[PDB]
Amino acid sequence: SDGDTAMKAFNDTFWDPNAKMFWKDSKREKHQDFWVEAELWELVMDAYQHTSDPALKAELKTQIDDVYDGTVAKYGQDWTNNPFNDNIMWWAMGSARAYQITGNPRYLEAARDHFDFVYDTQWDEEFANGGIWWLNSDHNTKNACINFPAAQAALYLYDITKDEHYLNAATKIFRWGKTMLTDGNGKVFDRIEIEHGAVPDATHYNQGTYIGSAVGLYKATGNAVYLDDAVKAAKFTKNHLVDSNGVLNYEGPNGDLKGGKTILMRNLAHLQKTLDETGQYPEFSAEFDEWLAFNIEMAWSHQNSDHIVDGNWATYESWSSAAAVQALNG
């Protein structure tokens, strides 16, 4: 399977079985940044779910536990001292996913405790009638990269616990974010700052977590408006965050944005599966599938002799390189 070759290659190149972390790059000098490591954790979980190679599956399943243990060995179990609410929420979401796959109670405790800290203490209605602050150290801006991943984490917690509190939280966060952090037509704004107001800079990862939270709200509530919201955001992405040949942008040099295609592809796959299951937006579904297959082909054609694909699809770094592996594990 294409997703097999890609994930095995990625592990061969970047996985450090000693530290139980990914290397940040092929110089193997530094391990990956904390939040990105949650995104590679999710990549291992997607490859686990995608593969039908029984041997590779059982190995990726041990690696789910290892990625957690390697990060907890370095940083500890309690991430609530991290000043970036997004750092905390990426790991809360990953932990919720690890609970769904493994049923290990440690992952539910990590997901729930870290989600509850952020939502309970960092949701605010004094500025802009709602939304979660970017930081817990300073309160100046409310950002797409915390609010939509928080809605996603709440949806996973809802699916796990069936505690309606988490569906209420997902709904409250998503509705606020669609109002204050999008143009209402599927373009997701980076953030809203107290002084300057909205910053209407769109990126792959914020498109992605808005699409994912919208699809998850559709799945939890059956309300087709949420699927309309996801489709609008996928249409924005495919017509704007692409080059003139329709290949998804390379978002360097910012290190956080370089691998954002990973988070976008993961969430576009959720949308593709939901359209395929529901028969919603059939015209768009056919166009969307053609455009995704084109992007995946383009990434595949960009692999080196070790079957690694740098993020510039049209020294290798694990975040930039992850996007092709995620694309083949949809």
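Quick note: we count residues from 1 along the sequence shown, nothing fancier.
According to the entry, the deposited sequence has no residues without coordinates between residue 9 and residue 10, so the chain runs continuously there.
Between 19 to 27 and 305 to 313, the higher mean Cα B-factor belongs to 305 to 313. Remark: stretch with higher mean C-alpha B factor among 292 to 300 and 52 to 60 is 52 to 60. Highest C-alpha temperature factor among 141, 206, 136, 221, as the PDB entry reports it: 221. Each of 78, 193, 201, 256 has a CA temperature factor in the record; the biggest one is found at 78.
Residue 227 sits in the middle third of its chain by CA B factor, as recorded in the PDB entry. For residue 39, the recorded CA temperature factor ranks within the lowest third of the chain's modelled residues. When the modelled residues of the chain are ordered by C-alpha B-factor, residue 262 sits in the lowest third.
When the modelled residues of the chain are ordered by C-alpha B-factor, residue 179 sits in the lowest third. Ranked by C-alpha B-factor against the other modelled residues of its chain, residue 110 falls in the highest third.
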